[PDB]
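Below: the structure, in structure tokens.
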Amino acid sequence: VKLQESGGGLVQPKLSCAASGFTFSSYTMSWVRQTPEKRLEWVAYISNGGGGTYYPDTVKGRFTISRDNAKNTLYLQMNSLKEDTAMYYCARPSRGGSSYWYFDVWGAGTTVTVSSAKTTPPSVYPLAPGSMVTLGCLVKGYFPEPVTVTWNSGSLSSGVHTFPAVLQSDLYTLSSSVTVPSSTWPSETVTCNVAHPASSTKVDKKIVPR
Amino acid sequence: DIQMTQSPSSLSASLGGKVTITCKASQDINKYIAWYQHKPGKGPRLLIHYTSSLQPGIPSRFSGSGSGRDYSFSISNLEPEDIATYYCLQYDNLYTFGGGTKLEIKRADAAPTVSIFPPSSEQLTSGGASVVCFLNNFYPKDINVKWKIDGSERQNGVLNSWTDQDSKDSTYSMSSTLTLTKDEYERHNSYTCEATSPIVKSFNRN
């Protein structure tokens, strides 16, 4: 049982959710969003038969929830966006029927950015130093959020610190550090992997000494 | 639209202690309340439904209680893994999440591990010069970085970023970036970040 969502992206002032593993026609559906603040918010509700739809006041009129039971998919159409910038989840209630049930399955989430700025890929710079060693790489001048940083495709997982992006308008900068035993670097190869989906850019940068 | 008042928005507690969050609804919600835990990078995780019904797999240290308008959620024998954000959700009639409650766990003071990094060659040939300082695995979160170029304090061009509390360490990490042009970078030799008796790390453009 999974919910797979489809973007999503950047817009200056329609999402889909594909369901499998359960009987979609028997459950209601909802959209939830997570603000850049740590705040969770219910955004739309649809019933089993798509005849019921409800929205909160902070979004009513601009959003329209819909479903296609034939293809086990849910949709959300968003218009006149503003501080609607958030990550959007499709959530499924824990039980069948048109009664309201707490959510028990969540999609991975797709981000929606509403800004009067334009997509910029990051410039990715390696941080090599001039017991254990700390390395880093700097992800500079991109827009919008988010970016994914990993080390050795994800295999270095302990001792990794990825710092929250800071907007020195109108661009984000982020940095990431990894700590490894002495000699495993530079003997082995350490590469930071960065992905910026809103610009379809992906860099791998090896950390070279000196 | 039913309104949920979660409180407090943020909590600090000792290891092994107990903590308690309350949600207050704008009408009777008839025990149709749930509690979720959210960890950065993970989808929301359900802890309690129908006020006090624990989920399978949820430790008995989590508990809920309440009726009508007043509800409470508690975590006892606090563990480092319990560092997250917690939300209530009424589903009596439609849905309303509470405001959220970030939880931090106290611990013994820790000095940061500091490292300084010169600008990379790629950035230099493109006209820029960012010097990066990491202050890793320290406690508590209040710390200060001072940048010195050739022995003199430099204040313009610094951007700072803290991580959230570590779920296994209870420490914090912080990153400080000094950005100069490549032009002003090449006119000086010694670069220093001091973390506040301070901890100093430097390099010289040889």
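In the structure tokens, each chain is lettered A, B, ... as it comes, each chain's residues begin at 1, and ligands are numbered from 1 in order of appearance.
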Each chain B residue no farther than 9 Å from chain A, nearest pair in Å, only C-alpha atoms, as a tab-separated table:
```
residue	atom	partner	partner_atom	distance
B:1	CA	A:56	CA	6.9
B:32	CA	A:102	CA	8.3
B:33	CA	A:102	CA	7.9
B:34	CA	A:102	CA	6.7
B:42	CA	A:108	CA	8.4
B:43	CA	A:106	CA	6.5
B:44	CA	A:106	CA	7.4
B:45	CA	A:104	CA	8.1
B:46	CA	A:104	CA	6.9
B:49	CA	A:102	CA	7.4
B:50	CA	A:102	CA	8.8
B:85	CA	A:38	CA	7.8
B:87	CA	A:40	CA	7.8
B:89	CA	A:102	CA	7.4
B:90	CA	A:102	CA	7.8
B:91	CA	A:100	CA	5.7
B:92	CA	A:100	CA	6.7
B:93	CA	A:100	CA	6.6
B:94	CA	A:100	CA	6.2
B:95	CA	A:42	CA	6.1
B:96	CA	A:42	CA	6.3
B:97	CA	A:41	CA	6.0
B:98	CA	A:40	CA	7.7
B:99	CA	A:39	CA	6.2
B:100	CA	A:39	CA	6.5
B:101	CA	A:38	CA	8.9
B:102	CA	A:38	CA	8.7
B:115	CA	A:134	CA	7.2
B:116	CA	A:129	CA	7.1
B:117	CA	A:129	CA	5.5
B:118	CA	A:130	CA	6.8
B:119	CA	A:127	CA	7.7
B:120	CA	A:126	CA	6.4
B:121	CA	A:125	CA	8.7
B:122	CA	A:125	CA	6.9
B:123	CA	A:125	CA	6.8
B:130	CA	A:138	CA	9.0
B:132	CA	A:127	CA	8.0
B:134	CA	A:177	CA	7.7
B:136	CA	A:161	CA	8.1
B:159	CA	A:166	CA	7.4
B:160	CA	A:166	CA	7.8
B:161	CA	A:164	CA	6.0
B:162	CA	A:163	CA	6.4
B:163	CA	A:163	CA	5.7
B:164	CA	A:164	CA	9.0
B:173	CA	A:161	CA	7.3
B:174	CA	A:163	CA	7.3
B:175	CA	A:163	CA	6.8
B:177	CA	A:175	CA	8.9
B:203	CA	A:130	CA	6.9
B:204	CA	A:130	CA	8.6
```
| message | Need to verify the contact set: residue 184 in chain B, 12 Å, only C-alpha atoms, exclusion of same-chain residues closer than 6 positions in sequence. Can you return it as a VMD selection string? | response | chain B and resid 124 127 to 130 149 to 150
| task | From range 55-152 of chain A, collect each residue whose DSSP state is strand (DSSP E or B) and return the set as a PyMOL selection string. | result | chain A and resi 63-68+73-78+86-93+97+103-106+110-114+120+123-127+132-143+148-151
Would you write out those residues with C-alpha atoms, as a compact mmCIF listing (two decimals), in the first residue's frame?
```
# COMPACT_ATOMS: atom_id res chain seq x y z
CA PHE A 63 -8.23 24.93 -4.75
CA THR A 64 -10.36 22.16 -6.22
CA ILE A 65 -10.06 18.51 -5.11
CA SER A 66 -11.13 15.75 -7.49
CA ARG A 67 -10.71 12.02 -8.06
CA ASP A 68 -10.91 9.39 -10.80
CA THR A 73 -5.87 8.62 -8.72
CA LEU A 74 -6.52 11.82 -6.79
CA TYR A 75 -5.95 15.36 -8.09
CA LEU A 76 -5.59 18.84 -6.67
CA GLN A 77 -5.94 21.96 -8.83
CA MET A 78 -4.50 25.12 -7.27
CA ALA A 86 4.59 24.19 0.91
CA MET A 87 5.10 20.47 0.52
CA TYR A 88 1.83 18.76 -0.35
CA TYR A 89 0.86 15.25 0.83
CA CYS A 90 -2.05 13.07 -0.20
CA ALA A 91 -3.26 11.20 2.88
CA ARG A 92 -5.61 8.31 3.23
CA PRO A 93 -7.95 7.75 6.18
CA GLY A 97 -16.68 4.94 4.46
CA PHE A 103 -4.91 9.54 8.37
CA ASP A 104 -2.80 6.39 8.31
CA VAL A 105 -1.03 6.47 4.91
CA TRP A 106 0.95 9.41 3.52
CA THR A 110 5.68 17.19 -3.58
CA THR A 111 6.82 20.77 -3.05
CA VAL A 112 5.09 23.79 -4.55
CA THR A 113 6.96 27.10 -4.64
CA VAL A 114 5.19 30.42 -5.26
CA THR A 120 18.76 28.80 -10.77
CA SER A 123 27.22 25.84 -8.04
CA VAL A 124 28.74 22.99 -6.07
CA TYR A 125 32.11 23.44 -4.44
CA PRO A 126 34.22 20.84 -2.61
CA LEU A 127 35.58 21.56 0.89
CA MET A 132 39.30 11.57 11.94
CA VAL A 133 38.88 14.09 9.13
CA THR A 134 35.93 16.31 8.27
CA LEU A 135 35.11 17.13 4.67
CA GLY A 136 32.38 19.19 3.15
CA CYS A 137 30.82 20.65 0.13
CA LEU A 138 29.10 23.97 -0.43
CA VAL A 139 25.90 24.26 -2.50
CA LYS A 140 25.69 27.88 -3.64
CA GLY A 141 23.18 30.13 -5.39
CA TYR A 142 20.19 27.97 -6.27
CA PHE A 143 16.43 28.45 -6.35
CA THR A 148 19.47 16.62 -1.90
CA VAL A 149 23.01 16.13 -0.63
CA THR A 150 24.47 12.67 -0.02
CA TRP A 151 27.95 11.28 0.45
```
| query | In terms of the shortest atom-to-atom distance over only C-alpha atoms, which of B:169, B:188, B:113, B:157 is closest to residue 200 in chain B? | reply |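 Smallest distance to residue 200 in chain B is found for B:113.
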| query | Could you write out, as a list in words, all the residues of range 27-205 of chain A that DSSP marks as alpha helix (DSSP H)? | reply | residues 184, 185, 186 and 187 of chain A
Now that the selection is made, can you save its residues with C-alpha atoms as a PDB file, in the first residue's frame?
```pdb
ATOM      1  CA  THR A 184      40.000   6.389   4.702  1.00  0.00           C
ATOM      2  CA  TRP A 185      40.261   9.786   2.986  1.00  0.00           C
ATOM      3  CA  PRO A 186      42.131  10.287   0.872  1.00  0.00           C
ATOM      4  CA  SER A 187      42.902   6.554   0.328  1.00  0.00           C
TER       5      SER A 187
END
```
Nearby residues (only C-alpha atoms) at most 6 Å from residue 83 in chain B, same-chain spacing under 3 positions excluded, as a tab-separated table (two decimals) with N, CA, C and O atoms, in the first residue's frame:
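Listing of around11.tsv after writing:
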```
chain	number	residue	atom	x	y	z
B	80	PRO	N	16.30	10.06	23.88
B	80	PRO	CA	16.77	10.92	22.79
B	80	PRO	C	16.04	10.72	21.48
B	80	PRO	O	15.87	11.68	20.71
B	103	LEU	N	10.11	19.29	20.53
B	103	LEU	CA	10.69	18.78	21.76
B	103	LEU	C	12.22	18.69	21.65
B	103	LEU	O	12.74	18.12	20.69
B	104	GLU	N	12.91	19.26	22.64
B	104	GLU	CA	14.36	19.14	22.77
B	104	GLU	C	14.64	18.52	24.13
B	104	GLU	O	13.90	18.77	25.10
B	167	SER	N	18.97	13.26	16.94
B	167	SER	CA	18.07	12.30	17.56
B	167	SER	C	18.81	11.24	18.38
B	167	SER	O	18.17	10.56	19.20
```
| said: List as number ranges by chain the protein and nucleic acid residues near residue 145 in chain B, meaning an atom at most 9 Å away when only C-alpha atoms are counted, but skip any in the same chain fewer than 5 places from it. | reply: B: 133, 135, 160, 176, 193-196
